[PDB]
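First the structure, in the form of C-alpha cells, and then the observations on it.
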DNA sequence: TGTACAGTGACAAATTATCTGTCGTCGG
DNA sequence: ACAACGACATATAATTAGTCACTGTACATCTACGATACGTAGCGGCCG
DNA sequence: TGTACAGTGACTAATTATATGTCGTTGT
Ligand SMILES: [Mg+2]
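Chains as they are written, first to last, in PDB author numbering: chain Z, 252 to 287, 295 to 310, 322 to 340, 354 to 418; chain X, 29 to 516, 524 to 542.
Below is the structure:
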C-alpha cells in the first residue's frame with residue numbers, strides 16, 4: 252500500500268518504452284487517504307489523514334484480452363507496460379456521464395483550487411522496502 | 029548534496045504524540061483549533077505551551093520531531109582536553125613498534141603524570157577505557173574489511189611493474205607458488221618423515237588446476253621445472269589412482285605469473301621461459317595471486333583436515349596427536365590428492381560464473397586445440413652452463429667431473445654452452461655459438477662413467493666429502509665417495532628414497 | 001574486483017502436540 | 001479577545017567518571033631459521 | 001580447591017543540554 256501511495260504522490264516520468272501518447276500528469280498530497295500503525299505513521303510523516322473502482326473496466330478493456338488470461355506467455359514488465367498504456371491513454375482519458383465535457387484527468391485538473399508543489403523525492407523514502415543489515 | 033532523515037522504531041512514547049498530532053493536522057478555525065490543543069493536553073499531561081512546541085517541532089522536522097533528540101554532549105568527555113590528549117597519545121606511542129601497551133598500563137601513566145602535576149582528579153581507569161574505546165574499534169574494523177571480487181568474464185592481473193595483464197583465454201596466464209601441506213607422512217616402515225611441499229600450476233582464465241608437484245623436496249627452480257612439465261605435457265594415470273574422469277588438461281602458457289621466490293626470479297626459469305616463449309611476471313602482493321593461494325585453503329578444508337596425521341593451519345591449532353597418529357606415505361597422499369583434483373576440484377563450479385565447471389571453462393576457453401609437444405623437446409628444462417671452455421685433449425671439466433665428446437677435440441680453446449640434467453649429470457649436451465646462434469655439437473659423457481648415473485646433489489655431496497677427506501679429484505674418486513655413503524639413515528636420504536619410489540611408479 | 005569454500009542469517013513447507021468448539025456424561 | 005513566539009526561571013534524565021564483584025585466559029621449553037637463488041672473491045694449475 | 005591480572009556487567013555520583021512553566025510581547 253505504501254509503494255502504491257509513493258507512486259501516486261510523486262511525478263510519473265515514464266520511459267519511451269511505454270510508447271505513451273498522453274502525459275500522466277498527476278502528482279500531489281491529498282487531504283484524506285482511505286485504505287483496506296505503519297500507514298498512520300506515513301500519514302503523520304507526510305501530513306494527511308489515513309482512514310481504514323477501475324477493476325470492472327480493467328477486466329473488460331484490458332486483462333480478459335491478454336495472453337495467459339486465466340479463463354502463451356507474458357512477463358511482469360510487459361503487463362506493467364500494457365497497464366500503464368491503458369491507464370494513461372484510455373482509462374483516464376474517458377469521460378463519465380457525470381462529467382460530460384471533461385475527462386477523468388481534465389476534471390481532476392479542473393477541480394484543483396491550486397497547483398500543488400511537488401514533494402521532493404527524499405521525503406517519500408519512508409514508503410520504500412527495506413533490508414535491515416548489510417556490511418559495506 | 030541531498031540531506032534526508034527518516035524516523036524508525038517510533039512508537040514507545042511517540043505513538044501518544046503521534047495520535048496528538050493526527051488530531052491536529054488541520055487549522056480548522058481559530059476558535060476550534062485552540063480547543064483541540066486544550067483537549068490534547070488531557071492525553072499528554074502538559075500545558076498548552078508544551079503542545080504548541082510539539083506542533084512546531086512536528087511541522088519543521090516531520091516524524092523525528094516527535095522523538096527526543098540526543099544531548100549535545102553525547103560522545104564528549106568532561107575530563108578536559110589536557111587529559112583526553114594525554115590519554116590518546118600515550119596509548120598510541122605505547123603501541124608503537126613492537127610495544128603493546130594496554131589501557132591499564134595507560135592508566136598507570138595517567139596517575140604518574142597527575143602526581144607530577146599535583147592534580148587531584150586524574151581520570152579513573154574506567155574512563156581511560158572509555159576515552160580509548162573509539163580508537164580500538166577502528167583498529168578492529170580496519171582488520172575486518174571485506175573486498176568484492178572479479179565479476180563476470182573480464183580479469184586484469186596486476187604486476188609489480190604496475191602493468192595489468194588482461195586475461196583473455198585459456199593458457200593466457202598461468203600462475204604458481206608453493207606451500208606446506210598440513211599432514212605428517214611416514215616412510216614405508218611407518219616411521220615419521222616430514223610434511224610434504226605442494227606446488228600447483230593454475231590457468232587464470234578457467235581457474236582449472238593444470239598441474240602439480242608433491243614431494244618432501246625443497247622449493248627449487250628444479251621443483252618449478254617439474255611442475256611446468258607436468259602442467260604442459262598430456263597427463264597419464266594408472267588404474268591404481270581409481271580415476272572416473274580424465275585430467276584432460278595440457279599445452280603451453282603465453283605468460284607465467286609468480287611471487288618473488290628465488291625459484292621463480294632465477295636464470296633457470298628465465299632460460300625455460302625464453303625457450304618455451306612464455307614471459308615471467310612478478311606478483312605485486314600475496315593478495316593479487318589468490319588464484320594460486322586459494323586452491324591451498326580449499327584443499328585444507330576439503331581434503332587434508334579429514335586425513336590422519338593432520339597438523340592444523342598453525343602451531344596454536346595443532347592436534348596434539350599429529351606426531352603419533354601419522355599413517356600415510358607420499359604415494360598414498362598423491363593417490364588421494366590427484367583423485368581429488370581430477371574427480372572433484374576441476375569438476376566443481378567456477379565460482380565467478382556459477383554455470384560452468386573449471387574444466388569445462390578451460391576446454392571451451394582455448395582459442396584453438398594446441399599440438400602436444402614431444403617429450404624430448406621438454407629438454408628445454410635442462411640447466412645451462414653458460415661459459416665453460418674446451419680444454420686441449422677434447423675435454424670439459426664441470427662439478428669436478430671430466431667429460432669427453434665425439435667432435436669436441438676439434439674445438440679446444442673455444443667456449444661452449446652446456447645443457448644438463450640435475451637428475452643425471454653423467455651425460456652433457458654441448459652446444460656452441462656460430463653465426464650468433466646456438467648450434468648442436470655433441471653428447472659429451474663423463475669418461476669411465478658411461479655405465480653409471482650420478483645426480484648433481486650426489487656429485488656435490490661426494491665433492492664436499494672428497495674436499496674434506498683430502499683425496500684427489502677424478503671421475504671414479506667421486507664415484508668411490510658416493511658408493512660407500514650409498515651402501516651404508525639420514526632423513527633427507529630416507530625422504531629421497533620414498534620420493535624416488537613415487538617417481539618409479541611414474542615410469 | 002583477490003579469492004572461493006564452509007558457516008550463518010532470512011524465509012518457506014510438512015508434521016505434531018496443544019488450544020478451542022460442541023456435545024455427552026456425571027455430580028451438587 | 002485568541003493564538004503564536006521569546007525572556008527568564010526551574011526541574012530533569014542523558015552522559016561521563018568512578019567503584020565493585022565476577023570472570024576470561026595466559027603461565028605453564030620454543031620461530032629465528034632452513035632452503036633456494038644470484039653476485040663477488042679466491043687457489044692453485046698451466047702457460048708465456 | 002592450580003594461580004593471579006586485565007577486561008567486563010552492574011550500580012552510583014557529578015555535570016549539563018534539555019524539556020516545562022509562567023509571564024511579557026506581538027500579530028490577528
Ligand atoms: Mg611464495
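Backbone N, C-alpha and C define an ideal beta-carbon position, used for all residues, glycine too.
By the neighbour-count definition (other C-beta atoms within 10 Å, threshold 16), residue 60 of chain X is an exposed residue. Taking all protein chains in view, the Cβ of residue 362 of chain X is crowded by 16 or more other Cβ atoms within 10 Å, so the residue is classified as buried. Check the Cα spacing between residue 216 of chain X and each of X:265, X:342 and X:357: the tightest is with X:357. Between the beta-carbon of residue 474 of chain X and that of residue 503 of chain X there is about 6 Å, and that keeps the pair under the 8 Å contact cut. Beta-bridge analysis with DSSP links residue 412 of chain X to X:447. Burial is judged here by how many other beta carbons sit within 10 angstroms of a residue's own beta carbon; residue 448 of chain X has at least 16 and is buried. Taking all protein chains in view, the Cβ of residue 369 of chain X is crowded by 16 or more other Cβ atoms within 10 Å, so the residue is classified as buried. In the three-state DSSP reduction, residue 472 of chain X falls in the strand class (E or B).
Following the DSSP letters along the chain, one finds residue 186 of chain X inside the beta strand (DSSP E) bounded by residues 184-186.
Here residue 303 of chain Z is near residue 408 of chain Z, since their CB atoms are less than 8 Å apart. Taking 8 Å as the CB threshold, residue 174 of chain X lines the interface with chain Z. In the structure shown, the three-state DSSP call for residue 37 of chain X is coil.
At a C-beta separation below 7 Å, residue 302 of chain Z has these neighbours in chain X: 46, 49, 50 and 91.
For residue 267 of chain Z, no chain X residue has a C-beta closer than 9 Å to its own C-beta; the minimum C-beta separation is roughly 27 Å. For residue 85 of chain X, no Cβ of chain Z is located within less than 8 Å of the residue's own Cβ.
Around residue 233 of chain X, the same chain offers 183, 195, 196, 197, 198, 199, 200, 201, 389, 390 and 393 as residues with beta carbons nearer than 8 Å, after the five sequence neighbours per side are excluded. In the DSSP assignment, residue 372 of chain X falls outside any alpha helix (DSSP H), carrying neither H nor E. Taking 8 Å as the cut-off, the Cβ atoms of residue 75 of chain X and residue 69 of chain X count as close. If you look at residue 239 of chain X, you'll find it in the beta strand (DSSP E) that goes 237-243.
Interface annotation for the stretch 380-406 of chain Z against chain X: 402, 403, 404 and 405, criterion Cβ-Cβ distance under 9 Å. Going by DSSP, residue 227 of chain X is part of the beta strand (DSSP E) stretching over 225-231. Each of X:312, X:344, X:406 and X:470 was checked against the Cα of residue 424 of chain X, and the nearest Cα belongs to X:470. Residues of chain Z whose Cβ lies closer than 8 Å to the Cβ of residue 43 of chain X are, in chain order, 295.
Taken through DSSP and simplified to helix, strand or coil, residue 202 of chain X comes out as strand. Interface with chain X (8 Å Cβ-Cβ cutoff): residue 417 of chain Z is included. Using a Cβ-Cβ cut-off of 8 Å, residue 279 of chain Z does not count as an interface residue toward chain X, since no Cβ of chain X sits closer than that to its own. Taking 7 Å as the cut-off, the C-beta of residue 309 of chain X does not count as close to any heavy atom of ligand 1. Look at residue 408 of chain Z: its C-beta is under 8 Å from a C-beta on chain X.
The C-alpha of residue 422 of chain X is placed about 6 Å away from the C-alpha of residue 432 of chain X.
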